[PDB]
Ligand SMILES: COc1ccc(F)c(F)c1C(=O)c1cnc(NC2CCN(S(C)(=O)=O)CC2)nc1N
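Encoded as structure tokens, the following chain is the form deposited without the named molecule, with no partner shown.
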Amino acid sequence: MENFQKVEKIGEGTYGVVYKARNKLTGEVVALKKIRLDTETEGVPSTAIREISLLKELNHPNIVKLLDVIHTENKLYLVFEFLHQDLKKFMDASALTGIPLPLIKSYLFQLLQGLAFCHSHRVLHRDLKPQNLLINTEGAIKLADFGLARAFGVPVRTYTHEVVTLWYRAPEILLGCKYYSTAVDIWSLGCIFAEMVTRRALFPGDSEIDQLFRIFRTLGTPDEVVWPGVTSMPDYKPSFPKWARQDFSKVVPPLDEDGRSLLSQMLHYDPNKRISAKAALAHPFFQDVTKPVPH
């Protein structure tokens, strides 16, 4: 820790105050997360148990590098690679013009790559959303904040009262599914892909039930044909309105047919049919991909 000089606080979150810092010996700039933890009650929290153990196995260009973990009597410092801001902050500032399409293409390509690496190493991210995606100035984007990420060597039992964040939750979670699957990360990403395109949230609900219905109203109320098992999902109700799917063209205007194709596959209602990250990468929407730089 003596080799690190604190430069400035760069926001907070889980763990507390994140600081930008510079290694005095190597010159490297770093993001320091500090976990005062509780040295009399709870110990290391699970978020850090998870983020550390899982990140240590996930070395990828589109996943933030945990560079080090420093231990002492009563502090645990985590040293991460530095990236100056998140997609949420970059979207709030790109409202007016919008993130240009080719930069959305490149962010989605990279995000799918990192998520593909996660899924194939049996890790569900679990909390994919714009504030948990970081960017540099050269056009890279990375999955961050693995605090809720979980290994799936055995299926992951869901929270009963979900915590993750309403607007990016998959309808299976909204319907009380018992286990998560890789698909829930895909749904989040597709909602994120939409949000970058149209500048608004895809399904900005105001309650769990309103969220379900905002989804049902846009993509149509699902049924056994579309989604084998729906009527049997724990929180399904026969009284749910049967909406007919509106036109997807008007839902994501700027997207060409290829983009709409990919988006609708990332938002399939049945989890087993939802496109995976691996296949999404071969989608034609990515044949003209480049790496532009954001302004």
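Note that the rigid core is defined as the largest set of C-alphas that superpose within 1.5 Å between two forms. One rule holds for the numbers: they count along the sequence shown, beginning at 1.
> Does a third or more of the other compared entries skip modelling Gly43?
Yes; at least one third of the other entries leave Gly43 out.
> For the C-alpha atoms alone, is the average B factor greater in 186-194 or in 70-78, going by the entry?
Taking the mean C-alpha B-factor of 70-78 and of 186-194, the larger value falls to 70-78.
> Going by the B-factors listed in the PDB entry, is the mean over the C-alpha atoms higher for 219-227 or for 126-134?
Looking at the record's C-alpha B-factors, the answer is 219-227.
> Taking the values straight from the PDB record, which of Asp270, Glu257, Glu28, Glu51 has the highest C-alpha temperature factor?
Largest recorded C-alpha B-factor: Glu257.
> Of the options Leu148, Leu96, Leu103, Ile141, which has the highest CA B factor as deposited?
Highest C-alpha B-factor among the listed options: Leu96.
> Select lowest, middle or highest to describe the third in which the CA B-factor of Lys89 falls within its chain in this entry.
Its C-alpha B-factor belongs to the highest third of this chain's values.
> Which third, lowest, middle or highest, does the CA B-factor of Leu112 fall in along this chain?
It belongs to the lowest third of the chain when residues are ordered by C-alpha B-factor.
> Compared with the other modelled residues in the chain, in which third is the CA B-factor of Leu175?
Ranked within chain, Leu175 CA B lands in the middle tercile.
> Is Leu55 in the lowest, middle or highest third of its chain when residues are ranked by C-alpha B-factor?
Tercile = lowest for this residue's CA B-factor.
> Where does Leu263 sit by CA temperature factor within its chain: lowest, middle or highest third?
Tercile = lowest for this residue's CA B-factor.
The form deposited with the named molecule bound exists for this protein as well; it is not shown, and the discussion that follows is about that form.
> Just superimpose the C-alphas near the binding site, carry the named molecule over as positioned in the deposited bound form, and say whether the shown chain is open or blocked by the 2.4 Å backbone or C-beta rule (3+ atoms for blocked).
Blocked: the placed ligand clashes with backbone or C-beta atoms.
> Is it the case in the deposited bound form that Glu81, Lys89 and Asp145 each bring at least one heavy atom within 4.5 Å of the named molecule?
Every residue of the candidate spot has a heavy atom within 4.5 Å of the named molecule in the deposited bound form.
> Which residue, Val252, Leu262, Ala31, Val230, has a heavy atom that falls within 4.5 Å of the named molecule in the deposited bound form?
When the named molecule is considered in the deposited bound form, the option within 4.5 Å is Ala31.
> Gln131, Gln211, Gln113, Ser94: which sits within 4.5 Å of the named molecule in the deposited bound form by any heavy atom?
Contact with the named molecule in the deposited bound form is made by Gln131 alone.
> Whether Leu281 contacts the named molecule in the deposited bound form should be assessed with a 4.5 Å heavy atom distance threshold; does it?
Judged by the heavy-atom cut-off of 4.5 Å, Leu281 is well away from the named molecule in the deposited bound form.
> Out of 98-106, 131-139, 203-211, 189-197, where are the residues with a heavy atom within 4.5 Å of the named molecule in the deposited bound form?
Among the candidates, contact is made by 131-139.
> Within 260-295, which residues come within 4.5 Å of the named molecule in the deposited bound form, counting heavy atoms only?
Not one residue comes within 4.5 Å of the partner.
> Select from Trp167, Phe82, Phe213, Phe109 the only position whose Cα moves 2 Å or more between the shown form and the other one when the core is aligned.
Going through each option, the one that shifts is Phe82.
> Taking the rigid core as the reference frame, is the Cα of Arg157 displaced by 2 Å or more between the shown form and the other one?
For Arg157, whose C-alpha is compared between the shown form and the other one after core superposition, the shift is 2 Å or more.
> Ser232: CA shift of at least 2 Å between the shown form and the other one after core fit?
No, its C-alpha moves less than 2 Å.
> Does superposing the core leave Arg22 with a CA shift of 2 Å or more between the shown form and the other one?
Result for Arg22: yes, a 2 Å-plus shift.
> Quick one: with a 3 Å or larger change, is the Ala201 to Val163 CA distance smaller or larger in the deposited bound form? Answer closer or farther.
Those two alpha carbons end up closer in the deposited bound form.
> Since the Cα-Cα distance for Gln211 and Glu12 shifts by 3 angstroms or more in the deposited bound form, is it a contraction (closer) or an expansion (farther)?
The answer is closer, because the C-alphas of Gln211 and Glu12 approach each other in the deposited bound form by 3 Å or more.
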